Number of protein chains: 2
Amino acid sequence: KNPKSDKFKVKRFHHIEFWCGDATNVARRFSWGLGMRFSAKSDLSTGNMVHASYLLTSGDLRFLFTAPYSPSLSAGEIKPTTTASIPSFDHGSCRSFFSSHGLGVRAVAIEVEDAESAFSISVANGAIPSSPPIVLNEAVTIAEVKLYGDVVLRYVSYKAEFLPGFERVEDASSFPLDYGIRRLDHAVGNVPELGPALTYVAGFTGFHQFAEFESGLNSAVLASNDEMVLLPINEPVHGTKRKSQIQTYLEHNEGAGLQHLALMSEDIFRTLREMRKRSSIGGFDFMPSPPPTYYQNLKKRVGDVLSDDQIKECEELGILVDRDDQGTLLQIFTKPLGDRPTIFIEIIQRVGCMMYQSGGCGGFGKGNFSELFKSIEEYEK
Amino acid sequence: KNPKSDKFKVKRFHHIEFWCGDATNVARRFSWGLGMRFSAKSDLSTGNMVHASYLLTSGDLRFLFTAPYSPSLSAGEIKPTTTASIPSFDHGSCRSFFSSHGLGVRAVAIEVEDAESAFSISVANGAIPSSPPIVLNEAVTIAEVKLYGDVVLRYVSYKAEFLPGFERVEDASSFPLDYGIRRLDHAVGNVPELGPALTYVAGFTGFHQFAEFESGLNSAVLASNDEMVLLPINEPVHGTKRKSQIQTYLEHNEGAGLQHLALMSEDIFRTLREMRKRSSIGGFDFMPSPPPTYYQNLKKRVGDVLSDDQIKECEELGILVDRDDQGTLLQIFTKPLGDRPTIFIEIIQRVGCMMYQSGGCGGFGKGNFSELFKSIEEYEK
Ligand SMILES: Cn1c(=O)n(CC(F)(F)F)c(=O)c2cc([N+](=O)[O-])c(C(=O)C3=C(O)CCCC3=O)cc21
Ligand SMILES: Cn1c(=O)n(CC(F)(F)F)c(=O)c2cc([N+](=O)[O-])c(C(=O)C3=C(O)CCCC3=O)cc21
Ligand SMILES: [Co+2]
Ligand SMILES: [Co+2]
């Protein structure tokens, strides 16, 4: 059931912004680890005395990494005279965010036809304003509302080069890395109580519940009209035998915030080969391997979609596989991206539901919870 | 002239500790960029609820990267019951250091025979105590005094595995990277006024002035008895045509602090080939190239130490070369290690002064200031 209730028109994810203490080191780690090119900068070299911001891109995926400079470099400025390229930026907000959460996502930015209307409609429907709409170089409008915790939903609209004031990175300082990652598929929040969080976000966006088909979670997925923009939210299930991963998140994150980013690959086998190659030389580690019992039940589940060679390839790379009403989902999770057991990344590829591919094809892997529990018992046999 | 006036016995540099906001991302960037292996950890996985600390090693070089967790994980602890592996660590001090300076060096640690005596003698000779001596697991003693700015000089002594409470990193999660870097050669501070800084540090250590043989600097080098431990200090020269790099440092760093770490390589050609290979895929960038006039005057200076093949190799890699009373110095500088124009790294190899090699052999490149100025004029001809 898709009522198509978006209160303003939404296109697609535009970028994800990380708030960090050093944007250079995080951006270079992520670039090597995920195979993303350095494509735009805004910093001292471009006349930005406020923040350093570096953009990495892979296909349509845009990761922005931003950290503050000493406030003393911009003490003479006022908001109208600012040299920040992201006018919503605030030294104290950024410093307070990082000291509270460590490295994490500050803004989930979606592109809209009209960011000012998006902001107005949103707030008129209960969104908590975070930063009012501001027109950038007569070309781009940016506005922010609170999403959950200290994460904001950033609206971006273009009248017609990432953002004004950013410069393209020099050819020599930009290496054409690519491991097959192509776009952001969904962005997931962890909150203490799912009900109020869903009601708030569904309330100001018009996004509808997407619906799926023990685990330490309960969750729901909000989606835009074409279900391209997918924003799931998790809450803990207390009292379970194993402590809820969501509860561990909330404790180490100091409250609600973004849990994982799921990135679509055009070739999850190539992506995981390239990323695993680099795990111990600066890249990302992956979740522990599932038992062989899991991969010895994979043919009886998905053998109609993937060859026995590809199923062996899944056991080598640790890929998990689940099946929807409509399609198949290949998926794997990284270990946390930084010091804290908080944010992590999911790599995915979905097979099926072609019209282009419809969003959410295959679901989010809900069945892998019970399939992994069984193989755990079956292996100890 | 070496009076050998050390007030307590000093052996060698033990480690350099970086204070960061995320220790994972910085440590993985540095590991790939410099070719250093992950060798020890102290973090949640080892029962440290206070800080995450990761040690990288190359030859004798030890870089430690430390960031704080949420204070809430250790709210129930007191100093006697702490789970920190570095008892000098303080959440507020670390958070305040990083927000003030960004990524930078907190501790220059030197090994001594008796860290408690080192601390006592030091303070009795004017050192400002930073953290009193503390015996770790009946095996290791650690103590800290102020060095300059918010940088401390950390004394370490062993009765007889980096530090107690650290664990060796698992074989799979530790990749044998090595680009030829072998040990720390010197660590340089930038201060607003050299005189008072020298008097303070020379005052509590007994270190003697090492002495060398326009530039926006004036500087002096303090050295231990065998001149292995080398601690130069810079101050700005105001009024020069080009603004002093030291003054730019002090403004962006919010005051005095560590400017550069010079790392000895056993093969500076191999090191710079490996590091430059990785500049645009997560590693470190290097200083701009000198003109060819510089390398067209290199034979008439050092042609007795390096072949014309090696001199061509210097022009390819951008290596600079200077000559002492006693030896030859090969050297090159990175661009700053993080967002701010503050800390950077120097790679060096020295040729000569063999007895082992005596410390400081070749100097620190003082002549390259006037050799580079000339080649600049000669190239515009
Ligand atoms: C498939 N799957 C899984 O098998 N396990 C067990 C494993 F593999 F770790 F052992 C997970 O723990 C796991 C955790 C998460 N999560 O979001 O925390 C997700 C996930 O992506 C997801 C969403 O995107 C929105 C709806 C909620 C949801 O579950 C999937 C998971
Ligand atoms: C050799 N040399 C140089 O040629 N230039 C010009 C170039 F190349 F950048 F264009 C420098 O700027 C430069 C800067 C520094 N510094 O410390 O800032 C040092 C250096 O290492 C040093 C010490 O270790 C202790 C004593 C002070 C001192 O000068 C060497 C440099
Ligand atoms: Co997911
Ligand atoms: Co030097």
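These numbers come from the heavy atoms of this one structure, side chains and all, not from hydrogens, waters or symmetry mates. In what follows, chains are A, B, ... by sequence order, proteins preceding strands, each numbered from 1. Order of appearance sets the numbers: ligands from 1, and atoms from 1 within every ligand.
Among B:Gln259, B:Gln331, B:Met287, the residue whose heavy atom lies nearest to atom 16 (N) of ligand 2 is B:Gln259. Comparing heavy-atom distances from atom 17 (O) of ligand 1 across A:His260, A:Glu371, A:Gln245 singles out A:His260 as nearest. Relative to atom 8 (F) of ligand 2, the option among B:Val221, B:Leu372, B:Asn368 with the closest non-hydrogen atom is B:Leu372. For the residues B:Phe210, B:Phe333, B:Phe344, the heavy atom positioned nearest atom 30 (C) of ligand 2 is part of B:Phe333.
At a heavy-atom cutoff of 4.0 Å, ligand 1 is contacted by no atom of A:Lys366, backbone or side chain. Using a 4.0 Å cut-off between heavy atoms, A:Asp322 makes no contact with ligand 1 at all.
The ligand atoms of ligand 1 that sit less than 4.0 angstrom from a heavy atom of A:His186 are 24 (O). Of all atoms in ligand 1, numbered sequentially from 1 with element shown, those under 4.0 Å from a heavy atom of A:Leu320 are 8 (F). Remark: ligand 1 atoms within the under-4.0 Å shell around heavy atoms of A:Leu217 are 16 (N), 18 (O), 29 (O). Below 4.0 Å from some heavy atom of A:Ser219 lie the following atoms of ligand 1, by number and element: 26 (C), 27 (C).
Between B:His260 and B:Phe344, the angle of the ring planes stays under 30°, which puts this pair in the parallel group of the 30/60° scheme.
Looking at heavy atoms from C-beta onward, B:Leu222 lies out of side-chain contact with B:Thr205 at the 4.5 angstrom threshold. Looking at heavy atoms from C-beta onward, B:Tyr200 lies out of side-chain contact with B:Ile233 at the 4.5 angstrom threshold.
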From CA spacing to verdict: side-chain contact (heavy atoms from CB on, under 4.5 Å), A:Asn234, A:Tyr249: CA-CA 11 Å; A:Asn234 301 323; A:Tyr249 177 101; over 6 Å; no

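How far CG of B:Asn297 is from OH of B:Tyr295: 11.5 Å, rounded to the nearest 0.5 Å.
Listed for the B:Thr240 side chain is no donor-acceptor partner under 3.5 Å among the backbone atoms of B:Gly216. Not a single donor-acceptor pair under 3.5 Å links the side chain of B:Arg12 to the backbone N or O of B:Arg183. Under the 3.5 Å distance criterion, the side-chain polar atoms of A:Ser279 are matched with a main-chain donor or acceptor of A:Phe284.
Shown here are the protein N/O/S atoms lying under 2.8 Å from the Co ion (ligand 3), water excluded: A:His186 NE2, A:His260 NE2, A:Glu346 OE1.
Ion pairing between a basic and an acidic side chain is recognised when a charged N comes within 4.0 Å of a carboxylate O; B:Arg350 and B:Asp185 show such pairing.
Cation-pi geometry between A:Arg182 and A:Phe13 is not met: the NZ or CZ atom fails to fall both under 6.0 Å from the ring centre and inside 45° of the normal.
In this structure B:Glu193 satisfies the side chain to side chain contact (heavy atoms under 4.5 Å, CB included) test together with B:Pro196, B:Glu235, sequence neighbours excluded.
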